[PDB]
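Since the structure comes first, as structure tokens, the remarks are kept for the end.
With ideal geometry, Cβ positions are generated from the backbone for all residues, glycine too; neighbour counts draw on all protein chains shown. Values quoted throughout were computed directly from the atomic coordinates according to the rules given, and no laboratory measurement underlies them.
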Amino acid sequence: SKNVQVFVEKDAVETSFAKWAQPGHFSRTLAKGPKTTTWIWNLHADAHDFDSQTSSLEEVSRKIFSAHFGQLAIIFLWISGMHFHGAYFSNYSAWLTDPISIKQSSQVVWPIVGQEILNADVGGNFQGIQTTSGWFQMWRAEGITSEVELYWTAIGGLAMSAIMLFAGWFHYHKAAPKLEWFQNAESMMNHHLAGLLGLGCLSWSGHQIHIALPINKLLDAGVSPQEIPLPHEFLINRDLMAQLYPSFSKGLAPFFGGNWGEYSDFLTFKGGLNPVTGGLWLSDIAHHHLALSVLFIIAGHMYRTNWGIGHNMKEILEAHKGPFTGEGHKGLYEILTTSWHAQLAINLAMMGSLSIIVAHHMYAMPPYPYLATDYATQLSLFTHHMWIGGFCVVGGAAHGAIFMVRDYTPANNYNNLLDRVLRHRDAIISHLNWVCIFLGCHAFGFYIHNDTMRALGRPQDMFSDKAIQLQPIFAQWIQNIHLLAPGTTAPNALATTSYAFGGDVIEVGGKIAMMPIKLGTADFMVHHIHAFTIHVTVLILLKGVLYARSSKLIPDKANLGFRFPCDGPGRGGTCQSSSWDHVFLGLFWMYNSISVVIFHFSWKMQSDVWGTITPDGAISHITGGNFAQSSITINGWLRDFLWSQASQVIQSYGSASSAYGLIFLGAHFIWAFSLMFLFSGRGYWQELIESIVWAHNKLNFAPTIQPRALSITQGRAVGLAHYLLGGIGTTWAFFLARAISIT
Amino acid sequence: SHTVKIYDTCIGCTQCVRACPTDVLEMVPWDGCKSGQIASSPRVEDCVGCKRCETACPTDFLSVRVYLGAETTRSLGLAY
Amino acid sequence: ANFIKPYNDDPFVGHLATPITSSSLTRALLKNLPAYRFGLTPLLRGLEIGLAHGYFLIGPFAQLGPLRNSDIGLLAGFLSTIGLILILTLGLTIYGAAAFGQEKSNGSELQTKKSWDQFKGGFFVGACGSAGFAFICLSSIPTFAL
Amino acid sequence: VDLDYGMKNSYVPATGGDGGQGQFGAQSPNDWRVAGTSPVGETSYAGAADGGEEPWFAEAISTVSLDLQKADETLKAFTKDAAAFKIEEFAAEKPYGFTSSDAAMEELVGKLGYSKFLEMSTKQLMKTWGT
Amino acid sequence: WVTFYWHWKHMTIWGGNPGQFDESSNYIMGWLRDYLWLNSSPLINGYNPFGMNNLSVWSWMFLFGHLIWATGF
Amino acid sequence: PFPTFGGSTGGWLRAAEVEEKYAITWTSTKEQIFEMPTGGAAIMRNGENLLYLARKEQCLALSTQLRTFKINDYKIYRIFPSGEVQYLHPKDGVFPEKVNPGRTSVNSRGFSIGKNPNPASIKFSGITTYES
Amino acid sequence: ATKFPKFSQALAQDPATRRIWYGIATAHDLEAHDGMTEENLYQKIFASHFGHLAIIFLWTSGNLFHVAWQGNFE
Ligand code: CLA
Ligand code: CLA
Ligand code: CLA
Ligand code: CLA
Ligand code: CLA
Ligand SMILES: CC1=C(/C=C/C(C)=C/C=C/C(C)=C/C=C/C=C(C)/C=C/C=C(C)/C=C/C2=C(C)CCCC2(C)C)C(C)(C)CCC1
Ligand SMILES: CC1=C(/C=C/C(C)=C/C=C/C(C)=C/C=C/C=C(C)/C=C/C=C(C)/C=C/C2=C(C)CCCC2(C)C)C(C)(C)CCC1
């Protein structure tokens, strides 16, 4: 009948604790029982690989839907806890009254073992750990005002968490959807693009227009939080709103009529940052979401469902083919509607890419009240979202490779774009290799050249703004374009989207919130290094996807799998030739890439933006503008950045920042610890274990689960894990400790 | 190039000859085992040194041993 | 329409006939280059190649070298170029010895010892002379103004 | 067909650490170390293919191929001994009204082709040659 | 480890403050801050944005070493 | 009799023309799509098929795939630059995994792996323990 | 052998760059060279030792010379 219908099987899986007591039930091999320690590790590594646990897409699909509900439940509990801790263990009320002086804190340590030192004198007759997630600013923007409200949102969160968990159980054990239900992309997109995003934005705009905007205006004006009317009061008494925004008097009459102009009071396109709080005007944010909402809702009506009108994605994809691309995009629809791994690849890459964009756009255009001046929170958020993004992007590549090895079928892909790509893979990889070498030699060479020149007493031969100069002309041009846009290419706007492009210095509390950021030779040099790092990462990852099934060296790599240790010592050596290993190596380069980016942000900002400005025009940046002539050499980074900005962590003992010092050291230890897994091999360890077991046997006792050394692949994984934790952890402490002081 | 040797502990499981990626091993008639067959390495000039054969042997210690040695284009798996 | 086809109609060779690989433009340019052109003797082939490469090499040294701002900068640039040409010539000599051997017969085949030696000689003369020409040209630059 | 063409190579097995020439020789008789590309109207790799107007891609012009007819011959020559052993055993087992090994071969291979002949047990052969 | 111990102990003795080692050598942070960090100031300033001294060669080699070490990885 | 393929950059190189080359042949009952070791997809012809590769392993890998299609009549040859051809697999007409009377043992040692001689004993001899 | 690793036919007959790399790092393992008798081994080692001694003395000579010609000993 209808193309789109709901098909669900009742009572699919019985709920019992029997399987719980039978570890390894999901796998046929593991189910037999443990005979060596490898079984234990394999149990945990194959837990969520449903494709290998079952051969039916319906079953795999059912598990994924329910598992997702589980994650949602966890996320809800997390958010709930944060709000609760902000209601019972925080100084929000005090901060709300004096946001500039009091420091945000929402965690308190018990008075055990001198750990109390960690409870700092943040302010407002309160002692606790200074948090840096930015909760206080967000709550202020929403218009919380009280701590009772925080408690209630916490309760809502707990309730929501439970509902999600029930949903997971219900849709797996009692009402499990069939495969036909899952395979309805057009419907899903229509619903998710119009309901989840469109209605979501519209609903949020409602809160912002009726509750947040009015309260925040009063707060900024000076009204004491206790004197601001309760949220419900604004919703009921239109007169009160009319006082603040003199258009609510007209009511919704202007809206139904075409006179949307009358609502210019609260819907505006001002641009720039609020002078008092140093954040984007909420009026603009309200119009933003309202506009986006309309767009999303309209977009949700593009695909056919059950009424004839609409587009069928298959047709659109197949029609787009050209002279240089054979059958074009034929075959892609089936792939994306019959392979979860393929979908995850695209979705995961885009999600990670978004996080990176959020990081850039959220510092240049501060979105929350009193966020820019809080340097600690700004740095924390930028770095956090930069990392999340990197991991996700690499993950997308990984799952893309899993697709090629597990779901790719030659029959369904003849002369399509995918086939043609795999037919000239040598050309693609060869060229990218060259691009990477070119960029790397030229970009890093600049730094080495400068180091040598400065050391040889020849400063006039360096690539600097005072010698041979490499100016970023293109970027400088775009900046000017964006600066002059308000009033020209953007006539109805009133100010620059960001003061970074150009403008005046916005200061809040004697501290600089935003200032024009200029680009010179040093910036050129660093930006091109970023390009090199990203390009190399792509090379490793793309090579893995393209050569996943076969290679000149190992023609039958596909049969070996996605995660095999090697093929042997032959052919000169075939170690680490799997696609999994390419992901393994890619993560190391992603670490390098992101590390450089976050360091660039930290030094540039502390040198050319952040700081204090006097009543008159005197700007004193935190580091003093050293970036221009010091970041052009490697010695400069080691001395004027790492060595100098690390004075805080190393001298944190005896203070509330002591934890960071300990973690800094601990992270270094873990990083080094990992190098033993990354440089050694299973053979040595297995033999050592044999001798150790001899001792236990000599005393008449030994485990039946014979002790064995970690697999080759696991060894690499353990090493990478500790390596990443240690490296990121070290910077984490370094940044946070430094930031607390600079703030 | 490489040297592959078979020992008397073979049981004629044929698993090794079914794993070689370059047809270096064969099953020849023999009387020392119940199966009445033993493995041989007639074409070691095509051994790449993968050691897949060894991984397939079921005997306590490999009855088929591959000792890596002189390297040629064939043994180094060079298509170029 | 397919603008990419198997090279030489061999579906199994490791190459493809793309617009870049096999277009009238590419074919024409490569056919008339000194290296592959028809009729040129080994010496002349080297000469043309050398004349071309020497002229553009004096620039980098002259404008970005250690003594660029010195009055004798151009002279220094010339000397540097000559040095680089010598290094490259050593390479050519050594390559020929290893690739071709010690006694040859075919003759007039760039790929023989005698022909290679002649080719190398041409390169040296052309390169050094070309660099000198650039020195003379860069000594006084025309503004082409009426 | 020179069955020893491959064996007749320049490779010399070392004392210890080398499997040897094996069954079909360890290396090609010809040396891969040939020259590079040459100008139009010239040849480099001995019996190379003229690149015509595109000498740069001459190495992509195939000159080495397999004739299907010739393919049959190589199959027969390299498997001659095996066929001999097979027919010999068939002869040993008191063939019905046997004639000559060669004659029997022709008769037995006239039917059951040649490949099938090579893959058949003496028992099956005798059953087949009952007539 | 052996060489670090000898150097730091002697450095403090030569400097006239044997106490620094005596008290800060008990925990790891001391070694990092009062030895590696404190005594690296002359080296990292062999060549700076303001000039150079005879320790420039030693400064350059220090960075050179880090490169080779990491390249090994 | 070449299968239908549109070309790839993963085909053979100079070695195939100056050192050595390989070729596989088989017969099919239907036109079907297979994946070639070089990279890509091709359609076999209804009948005889011939394909050239640069390595024996590449050829034998394809044979494995062919067996899935229920094709067991494949033959592999090595063509030298001068035109000489060597029949390589199935060498005696019978696949190696099946014992064929008439095949002699090679490289066989009549003792357990642990009975090989001690390295010191064969010092300054040139032979190895496993060849001793 | 007729290639770079004259002491090893195996490496010499190698068609790759390994021939060069390994020949350099297996040069002083005289005991494993093709056709090595114990007598020759000892004799070659003895001579090699003379060379090492010479290098040590040349090194010492240089220090004295450079200090004397370009130093401030007096
Ligand atoms: C500091 C340590 C270090 C260095 C320098 C390199 C260097 C390199 N890695 Mg690498 N890598 C490292 C650590 C390092 N790695 C670690 C720890 C890992 C483990 C995860 C890896 C894993 C890894 C992978 C998986 C990949 C690389 C790749 C690369 C290459 C990138 C291409 C390039 O920029 O060439 C330029 C190289 C330079 C060193 C630039 C500096 C050299 C000077 C400044 C330029 C001019 C010098 C000139 C050429 C010669 C001068 C003559 C005279 C000095 C004698 C390059 C050779 C990629 C590759 O090979 O693709 C191309 C690749 O795929 N790396
Ligand atoms: C993201 C979630 C999250 C996180 C990380 C924290 C973290 C913290 N909370 Mg908190 N909290 C949360 C959510 C969260 N909370 C929520 C949602 C609520 C509302 C209910 C609260 C309510 C709350 C209160 C009321 C208090 C805290 C406190 C604390 C701190 C001490 C935690 C503690 O009890 O240590 C000690 C840990 C324990 C006593 C638990 C015992 C350990 C158990 C037994 C191990 C688990 C057994 C294991 C799972 C067995 C498996 C069986 C199988 C069936 C699974 C710590 C910083 C305390 C604090 O800060 O005091 C100053 C405090 O008083 N929280
Ligand atoms: C308009 C209807 C609608 C909405 C709102 C959603 C929303 C969602 N779907 Mg979805 N879906 C829909 C229709 C819809 N779907 C249809 C028709 C199909 C079949 C074609 C699917 C098939 C589908 C699959 C297969 C999956 C999803 C998933 C998801 C979640 C993605 C994760 C996320 O963004 O977290 C955002 C989280 C929240 C916003 C939390 C709230 C979530 C609740 C359920 C919102 C319900 C409305 C709420 C009660 C508000 C009522 C308004 C009232 C107050 C006035 C998200 C909650 C994924 C998932 O994780 O599911 C568990 C997933 O795997 N959907
Ligand atoms: C949307 C996110 C997402 C989802 C749903 C999946 C889902 C899946 N991935 Mg995948 N992946 C992702 C993101 C994701 N991945 C990312 C971002 C990366 C890049 C790092 C990868 C890299 C990756 C690889 C390389 C592999 C998978 C595999 C798998 C499959 C099995 C997972 C498994 O073994 O479970 C078991 C899960 C675990 C054992 C994880 C436990 C957590 C470990 C111990 C790390 C914990 C670190 C912790 C945070 C540090 C705390 C520090 C503290 C102690 C001090 C499954 C389909 C595997 C597979 O076979 O696919 C078919 C596989 O080989 N994925
Ligand atoms: C890789 C990056 C890099 C770059 C660009 C430079 C650049 C320079 N260095 Mg430096 N240097 C570097 C790394 C680098 N250095 C490193 C890593 C070290 C440490 C070993 C040094 C150590 C060093 C010293 C000690 C000195 C220099 C000097 C110089 C200058 C002289 C240039 C010269 O003679 O080149 C000659 C260049 C060429 C002959 C060829 C250039 C490449 C051509 C243009 C490529 C053309 C490609 C073409 C477009 C392809 C398409 C063709 C098609 C269209 C037909 C110049 C400013 C000298 C100086 O005075 O300093 C200012 C000097 O004394 N350098
Ligand atoms: C924070 C949080 C949360 C949340 C909460 C909320 C979110 C609340 C709210 C709720 C709400 C409050 C909602 C609302 C909604 C509304 C809406 C969504 C509206 C709509 C509209 C409409 C539907 C309209 C329609 C129409 C039109 C279009 C026009 C004409 C007429 C009509 C009617 C037809 C929770 C607790 C969960 C958890 C924790 C966190
Ligand atoms: C981008 C492009 C292009 C290209 C360009 C180029 C690449 C150029 C180059 C150019 C060049 C690179 C040139 C060169 C020239 C050279 C010369 C002009 C030389 C001369 C010499 C002479 C004249 C002589 C000398 C001598 C001798 C021989 C010896 C004795 C002495 C003397 C001195 C006499 C075109 C436009 C096409 C088009 C588009 C694309």
(message) Could you tell me how many of the residues in the range A:479-507 are among the aliphatic types (A, V, I, L, M) and loosely packed, with under 13 Cβ neighbours inside 10 Å?
(response) 1
(request) Please specify each residue of the range F:15-45 satisfying the condition of being more than 14 Å from chain D (Cβ to nearest Cβ) and acidic (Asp, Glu). (result) F:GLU31, F:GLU35
(message) The conditions are (1) surrounded by fewer than 21 Cβ atoms within 10 Å (Cβ to Cβ); (2) within 23 Å of A:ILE529 (Cβ to Cβ), and A:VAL393 fails exactly one of them. Which is it?
(response) (1)
(message) Looking at the range D:62-78 only, could you name the residues that are of a type in the set (A, V, I, L, M, F, W, C), surrounded by 15 or more Cβ atoms within 10 Å (Cβ to Cβ) and in contact with an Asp or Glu (Cβ under 8 Å, 6 or more places away or on another chain)?
(response) D:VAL64
(request) Could you tell me whether the range C:33-41 includes any residue that is part of a helix (DSSP H, G or I), closer than 26 Å to D:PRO55 by Cβ, of a type outside the set (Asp, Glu) and within 16 Å of ligand 7 (Cβ to nearest atom)? (result) no
(request) All but one of (1) more than 19 Å from the chain's Cα centre (by Cα); (2) surrounded by fewer than 18 Cβ atoms within 10 Å (Cβ to Cβ); (3) assigned to a loop (DSSP other than H, G, I, E, B) hold for D:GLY113, so report the exception by its number. (result) (1)
(request) Run A:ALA159 past the list (1) within 30 Å of A:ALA176 (Cα to Cα); (2) more than 24 Å from the chain's Cα centre (by Cα); (3) touching a residue at least 12 places away in the same chain (Cβ under 8 Å) and report the number of the one that doesn't hold. (result) (3)
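Pull up the range F:1-14, narrow it to residues that are among the aromatic types (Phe, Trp, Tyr) and over 17 Å from the mean Cα position of the chain (by Cα), then point me to the one that is nearest to the other protein chains (Cβ to nearest Cβ).
Keep residues of the range F:1-14 that are among the aromatic types (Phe, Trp, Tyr), which gives F:2, F:5, F:12.
Then keep just the ones that are over 17 Å from the mean Cα position of the chain (by Cα); that gives F:2, F:5.
Details: F:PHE2: 6, F:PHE5: 4 Å.
Result: F:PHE5.
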(message) more than 16 Å from ligand 5 (Cβ to nearest atom), under 21 Å from A:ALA212 (Cα atoms) and assigned to a helix (DSSP H, G or I): is that true of A:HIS68 in this structure?
(response) no
(request) Pull up the range F:100-121, narrow it to residues that are away from chain D (no Cβ under 12 Å) and aliphatic (A, V, I, L, M), then point me to the one that is farthest from the chain's Cα centre (by Cα). (result) F:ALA120
(request) Answer yes if at least one residue in the range C:69-90 is surrounded by 14 or more Cβ atoms within 10 Å (Cβ to Cβ) and in a loop (DSSP other than H, G, I, E, B), and no otherwise. (result) no
(message) Pairs needed: first member in the range D:1-22, without any contact (Cβ under 8 Å) to a residue 60 or more places away in the chain and within 23 Å of F:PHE124 (Cβ to Cβ); second member anywhere, small (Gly, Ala, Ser) and not in a loop (DSSP other than H, G, I, E, B); C-beta distance under 9 Å; at least 6 residues apart or different chains.
(response) D:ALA14/G:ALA10; D:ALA14/G:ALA12; D:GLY16/G:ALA10; D:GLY17/G:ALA10; D:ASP18/G:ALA10
(message) Yes or no: the range C:105-116 includes at least one residue that is within 16 Å of ligand 1 (Cβ to nearest atom), surrounded by 13 or more Cβ atoms within 10 Å (Cβ to Cβ), more than 12 Å from every other protein chain (Cβ to nearest Cβ) and not in a loop (DSSP other than H, G, I, E, B).
(response) no
(request) Can you work out which of the residues in the range A:558-598 that are over 28 Å from G:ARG19 (Cβ atoms) and away from ligand 4 (no atom under 14 Å from the Cβ) is surrounded by the most Cβ atoms within 10 Å (Cβ to Cβ)? (result) A:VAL597
(request) Would you tally the residues in the range D:45-55 being touching a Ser or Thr at 6+ places or on another chain (Cβ under 6 Å) and more than 10 Å from chain F (Cβ to nearest Cβ)? (result) 1
(request) Please go through the range C:130-144 and pick out each residue that is more than 9 Å from ligand 7 (Cβ to nearest atom) and either exposed (fewer than 12 other Cβ atoms within 10 Å of the Cβ) or small (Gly, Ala, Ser) (or both). (result) C:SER139, C:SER140, C:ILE141, C:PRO142, C:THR143, C:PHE144
(message) When you scan the range D:25-34, do you find a residue that is within 14 Å of chain B (Cβ to nearest Cβ), part of a loop (DSSP other than H, G, I, E, B) and touching a residue at least 24 places away in the same chain (Cβ under 8 Å), even just one?
(response) yes
(message) For the range F:65-119, which positions are more than 21 Å from B:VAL44 (Cβ to Cβ), among the basic types (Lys, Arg) and in a strand (DSSP E or B)?
(response) F:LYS75
(message) Return the pair list, or none, for Cβ contacts closer than 7 Å from residues in the range A:568-585 that are farther than 12 Å from A:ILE554 by Cα and within 14 Å of chain B (Cβ to nearest Cβ) to residues that are of a type in the set (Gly, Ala, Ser) and buried (at least 22 other Cβ atoms within 10 Å of the Cβ), at least 6 apart or on different chains.
(response) A:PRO569/B:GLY49
(request) Go through A:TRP204, A:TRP152 for me and flag whichever is away from ligand 5 (no atom under 16 Å from the Cβ), within 29 Å of A:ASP374 (Cβ to Cβ) and either free of Cβ contacts under 8 Å to residues at least 24 places away in the same chain or not in a helix (DSSP H, G or I) (or both). (result) A:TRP152
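Here is a yes/no grid of residues against (1) on the phi < 0 side of the Ramachandran plot; (2) part of a helix (DSSP H, G or I):
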residue: A:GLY625; (1), (2): no, no
residue: A:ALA628; (1), (2): yes, yes
residue: A:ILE632; (1), (2): yes, no
residue: A:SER644; (1), (2): yes, yes
residue: A:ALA656; (1), (2): yes, no
residue: A:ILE663; (1), (2): yes, yes
residue: A:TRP671; (1), (2): yes, yes
residue: A:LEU678; (1), (2): yes, yes
(message) Take residues that are in contact (Cβ under 8 Å) with a residue 60 or more places away in the chain and over 30 Å from B:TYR80 (Cα atoms) and tell me which of the helices (runs of 4 or more DSSP H) falling wholly in the range G:3-74 contain 1 or more.
(response) none
(message) For the condition within 7 Å of another protein chain (Cβ to nearest Cβ), at negative phi, surrounded by fewer than 17 Cβ atoms within 10 Å (Cβ to Cβ) and under 20 Å from the mean Cα position of the chain (by Cα), what is the one hit in F:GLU97, F:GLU48?
(response) F:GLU97
(request) Please enumerate the residues belonging to the range F:39-52 that are farther than 13 Å from F:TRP26 by Cβ and touching a helix residue (DSSP H, G or I) at 6+ places or on another chain (Cβ under 9 Å). (result) F:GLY39, F:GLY40, F:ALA41, F:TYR52
(message) Among the residues in the range A:239-246, are any surrounded by fewer than 17 Cβ atoms within 10 Å (Cβ to Cβ) and within 26 Å of A:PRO491 (Cα to Cα)?
(response) yes
(request) Might you let me know whether the range D:59-78 holds any residue that is at the interface with chain F (Cβ under 7 Å from one of its Cβ atoms) and more than 21 Å from the chain's Cα centre (by Cα)? (result) yes
(request) Go through (1) closer than 30 Å to A:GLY271 by Cα; (2) among the small types (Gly, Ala, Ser); (3) in contact (Cβ under 8 Å) with a residue 24 or more places away in the chain; (4) not in a helix (DSSP H, G or I) and name the single condition A:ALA548 misses. (result) (1)
